$ cat data-v3.txt   # compact mmCIF, C-alpha atoms
# COMPACT_ATOMS: atom_id res chain seq x y z
CA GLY J 1 -101.25 -36.13 187.07
CA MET J 2 -97.87 -34.50 187.48
CA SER J 3 -98.96 -31.42 189.39
CA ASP J 4 -96.08 -29.01 189.89
CA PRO J 5 -95.67 -27.50 193.36
CA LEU J 6 -97.32 -24.37 194.72
CA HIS J 7 -95.54 -21.01 194.87
CA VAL J 8 -96.22 -18.75 197.83
CA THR J 9 -94.13 -15.61 197.56
CA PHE J 10 -94.50 -13.14 200.45
CA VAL J 11 -94.15 -9.49 199.53
CA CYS J 12 -93.13 -6.94 202.13
CA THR J 13 -90.94 -3.85 202.37
CA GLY J 14 -87.47 -5.26 202.84
CA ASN J 15 -88.21 -8.98 202.47
CA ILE J 16 -86.01 -9.51 205.50
CA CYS J 17 -88.59 -9.28 208.25
CA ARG J 18 -92.21 -10.44 207.94
CA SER J 19 -91.84 -12.22 204.58
CA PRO J 20 -88.90 -14.52 205.61
CA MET J 21 -90.64 -15.01 208.95
CA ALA J 22 -93.60 -16.89 207.47
CA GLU J 23 -91.25 -18.31 204.89
CA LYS J 24 -89.52 -20.50 207.45
CA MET J 25 -92.57 -20.81 209.67
CA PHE J 26 -95.23 -22.63 207.69
CA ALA J 27 -92.89 -23.80 204.94
CA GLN J 28 -90.88 -25.70 207.55
CA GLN J 29 -94.19 -27.18 208.74
CA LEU J 30 -94.97 -28.16 205.14
CA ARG J 31 -91.81 -30.18 204.65
CA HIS J 32 -92.25 -31.45 208.22
CA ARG J 33 -95.59 -32.97 207.16
CA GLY J 34 -94.35 -33.99 203.76
CA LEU J 35 -95.38 -31.13 201.49
CA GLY J 36 -92.08 -29.23 201.31
CA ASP J 37 -91.65 -30.21 197.67
CA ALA J 38 -95.36 -30.01 197.00
CA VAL J 39 -95.35 -26.25 197.60
CA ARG J 40 -92.60 -23.74 196.83
CA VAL J 41 -92.66 -20.98 199.34
CA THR J 42 -90.67 -17.90 198.47
CA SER J 43 -90.51 -14.18 199.23
CA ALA J 44 -89.74 -10.75 197.73
CA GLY J 45 -89.70 -7.03 198.42
CA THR J 46 -91.19 -4.28 196.26
CA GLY J 47 -88.52 -1.77 197.28
CA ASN J 48 -85.57 -4.21 197.32
CA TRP J 49 -84.43 -2.76 200.71
CA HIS J 50 -82.12 -5.59 201.69
CA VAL J 51 -82.24 -7.49 198.42
CA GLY J 52 -79.41 -10.04 198.39
CA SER J 53 -79.21 -9.77 202.16
CA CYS J 54 -80.39 -12.26 204.75
CA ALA J 55 -83.22 -12.37 207.30
CA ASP J 56 -83.26 -9.46 209.73
CA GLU J 57 -81.52 -9.92 213.07
CA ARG J 58 -84.81 -9.42 214.94
CA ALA J 59 -86.75 -12.09 213.04
CA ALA J 60 -83.79 -14.44 213.22
CA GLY J 61 -83.91 -14.29 216.99
CA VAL J 62 -87.67 -14.77 216.94
CA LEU J 63 -87.66 -17.84 214.69
CA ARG J 64 -84.61 -19.43 216.31
CA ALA J 65 -86.22 -18.80 219.71
CA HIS J 66 -89.14 -21.00 218.70
CA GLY J 67 -86.92 -23.51 216.89
CA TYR J 68 -87.60 -22.19 213.40
CA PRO J 69 -84.93 -21.84 210.66
CA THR J 70 -83.76 -18.37 209.80
CA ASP J 71 -81.64 -18.77 206.66
CA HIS J 72 -82.90 -16.91 203.60
CA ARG J 73 -81.71 -14.57 200.88
CA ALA J 74 -83.80 -11.48 200.27
CA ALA J 75 -85.09 -10.97 196.75
CA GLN J 76 -86.99 -8.22 194.96
CA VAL J 77 -90.39 -8.57 193.28
CA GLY J 78 -89.43 -9.98 189.92
CA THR J 79 -90.87 -12.12 187.16
CA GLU J 80 -90.36 -15.46 188.90
CA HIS J 81 -92.13 -14.00 191.93
CA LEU J 82 -95.04 -12.64 189.88
CA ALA J 83 -95.29 -16.13 188.40
CA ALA J 84 -96.04 -17.55 191.83
CA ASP J 85 -99.37 -19.28 192.52
CA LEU J 86 -99.80 -17.19 195.62
CA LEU J 87 -98.32 -13.86 196.38
CA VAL J 88 -98.62 -13.13 200.06
CA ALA J 89 -98.64 -9.36 200.29
CA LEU J 90 -98.17 -7.66 203.64
CA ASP J 91 -99.73 -4.42 202.49
CA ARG J 92 -102.31 -3.06 200.02
CA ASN J 93 -99.53 -1.51 197.96
CA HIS J 94 -97.40 -4.63 197.60
CA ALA J 95 -100.47 -6.61 196.50
CA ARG J 96 -101.39 -3.85 194.07
CA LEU J 97 -97.95 -3.73 192.53
CA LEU J 98 -97.70 -7.48 192.02
CA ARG J 99 -101.07 -7.86 190.29
CA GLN J 100 -100.58 -4.78 188.09
CA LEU J 101 -97.12 -6.15 187.28
CA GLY J 102 -98.57 -9.34 185.80
CA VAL J 103 -100.13 -11.18 188.72
CA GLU J 104 -103.80 -11.06 189.77
CA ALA J 105 -105.93 -11.20 192.91
CA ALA J 106 -106.34 -14.92 192.29
CA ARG J 107 -102.65 -15.26 193.11
CA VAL J 108 -101.98 -12.22 195.25
CA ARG J 109 -103.37 -12.52 198.77
CA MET J 110 -102.73 -10.66 202.01
CA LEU J 111 -100.90 -12.57 204.77
CA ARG J 112 -103.27 -11.51 207.55
CA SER J 113 -106.13 -12.15 205.14
CA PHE J 114 -105.46 -15.87 205.72
CA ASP J 115 -105.72 -15.41 209.48
CA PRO J 116 -108.97 -17.07 210.66
CA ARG J 117 -109.09 -14.75 213.66
CA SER J 118 -108.83 -11.68 211.44
CA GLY J 119 -112.60 -11.32 211.24
CA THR J 120 -112.62 -8.36 208.91
CA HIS J 121 -110.84 -8.23 205.55
CA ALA J 122 -107.12 -7.64 205.90
CA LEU J 123 -106.04 -5.44 203.01
CA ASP J 124 -103.21 -4.03 205.12
CA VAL J 125 -100.94 -5.51 207.75
CA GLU J 126 -99.23 -3.76 210.66
CA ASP J 127 -95.51 -3.02 210.87
CA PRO J 128 -93.38 -2.68 214.01
CA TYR J 129 -91.30 0.49 213.75
CA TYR J 130 -90.83 0.85 217.51
CA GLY J 131 -88.50 -2.10 217.59
CA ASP J 132 -89.04 -3.72 220.95
CA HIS J 133 -89.30 -7.32 222.07
CA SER J 134 -93.05 -6.99 221.62
CA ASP J 135 -92.76 -5.77 218.01
CA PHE J 136 -90.81 -8.83 217.00
CA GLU J 137 -92.93 -11.52 218.68
CA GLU J 138 -96.00 -9.58 217.57
CA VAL J 139 -95.23 -10.16 213.90
CA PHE J 140 -94.47 -13.78 214.73
CA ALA J 141 -98.00 -13.98 216.13
CA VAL J 142 -99.38 -12.35 212.98
CA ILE J 143 -97.77 -14.97 210.82
CA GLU J 144 -98.51 -17.96 213.05
CA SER J 145 -102.13 -16.79 213.06
CA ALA J 146 -102.13 -16.74 209.26
CA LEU J 147 -100.32 -20.04 208.84
CA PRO J 148 -103.65 -21.98 209.49
CA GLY J 149 -105.10 -19.94 206.65
CA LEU J 150 -102.09 -19.93 204.37
CA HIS J 151 -101.84 -23.68 204.90
CA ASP J 152 -105.40 -24.33 203.85
CA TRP J 153 -105.00 -22.18 200.77
CA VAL J 154 -101.78 -23.77 199.52
CA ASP J 155 -103.08 -27.23 200.49
CA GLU J 156 -106.41 -26.76 198.71
CA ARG J 157 -104.74 -25.23 195.68
CA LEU J 158 -101.97 -27.81 195.41
CA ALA J 159 -104.65 -30.48 195.73
CA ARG J 160 -106.89 -29.18 192.96
CA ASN J 161 -103.91 -28.19 190.83
CA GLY J 162 -103.44 -31.65 189.36
CA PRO J 163 -105.95 -34.44 188.78
CA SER J 164 -105.59 -38.18 188.59
$ encode --input "data-v3.txt" --output "structure tokens"
Amino acid sequence: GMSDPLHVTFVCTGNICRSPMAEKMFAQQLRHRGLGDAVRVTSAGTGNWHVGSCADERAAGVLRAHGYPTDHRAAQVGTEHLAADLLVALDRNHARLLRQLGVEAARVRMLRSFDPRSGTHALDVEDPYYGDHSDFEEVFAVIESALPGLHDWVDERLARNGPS
């Protein structure tokens, strides 16, 4: 069975902060374990803030501080993104837009909603407007906490995707 790779596209306002953060985080882990080609992780922003830009200076420092890659080119929520197998929304609105645009809740999932320590349903994720050292590492924690949930999802889905 020639099962094509997964497609996790994270949707946040800007696509230069939280989205690219998890992008390099668990996706790097994927290829590090041998699943980098088995799952296509991507990202997009509903408001195309820094579309065409690169990862935000704050997140770049965060990732690089922990040894994570930081290269990425921001994209807007488009067709190819809506075609993803998993749209990791960072907020109730982003998720809503994607699904109404052509996606569905089967594909669209909240980033913190993968977090095993979440407890309650996460239909909305925080956002650090204060802009301190805490704000940056905080988001990193959000994502790293979801990676054990995002992993399982992409893994389980990519597994069942193709048969023998």
$ atom_distance --input "data-v3.txt" --atom1 "atom CA of residue J:69" --atom2 "atom CA of residue J:25"
7.8 Å
$ residues_around --input "data-v3.txt" --residues "residue J:140" --least-positions-apart "5" --cutoff "8 Å" --atoms "all atoms listed in the file" --output "NGL selection string"
:J and (18 or 21-22 or 62-63)
$ residues_around --input "data-v3.txt" --residues "residue J:83" --least-positions-apart "4" --cutoff "9 Å" --atoms "only C-alpha atoms" --output "list in words"
residues 7, 78, 79, 87, 102, 103 and 107 of chain J
$ atom_distance --input "data-v3.txt" --atom1 "atom CA of residue J:50" --atom2 "atom CA of residue J:123"
24.0 Å
$ residues_around --input "data-v3.txt" --residues "residue J:52" --least-positions-apart "4" --cutoff "9 Å" --atoms "only C-alpha atoms" --output "PDB file with C-alpha atoms, in the coordinates of the input"
ATOM      1  CA  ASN J  48     -85.570  -4.210 197.320  1.00  0.00           C
ATOM      2  CA  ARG J  73     -81.710 -14.570 200.880  1.00  0.00           C
ATOM      3  CA  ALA J  74     -83.800 -11.480 200.270  1.00  0.00           C
ATOM      4  CA  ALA J  75     -85.090 -10.970 196.750  1.00  0.00           C
ATOM      5  CA  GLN J  76     -86.990  -8.220 194.960  1.00  0.00           C
TER       6      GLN J  76
END
$ atom_distance --input "data-v3.txt" --atom1 "atom CA of residue J:31" --atom2 "atom CA of residue J:108"
22.7 Å
$ residues_around --input "data-v3.txt" --residues "residue J:161" --least-positions-apart "2" --cutoff "8 Å" --atoms "all atoms listed in the file" --output "list in words"
residues 3, 4, 157, 158, 159 and 163 of chain J
$ residues_around --input "data-v3.txt" --residues "residue J:93" --least-positions-apart "3" --cutoff "12 Å" --atoms "all atoms listed in the file" --output "list in words"
residues 11, 12, 13, 45, 46, 47, 88, 89, 90, 96, 97, 98, 99, 100, 101, 108, 109, 110, 123, 124 and 125 of chain J
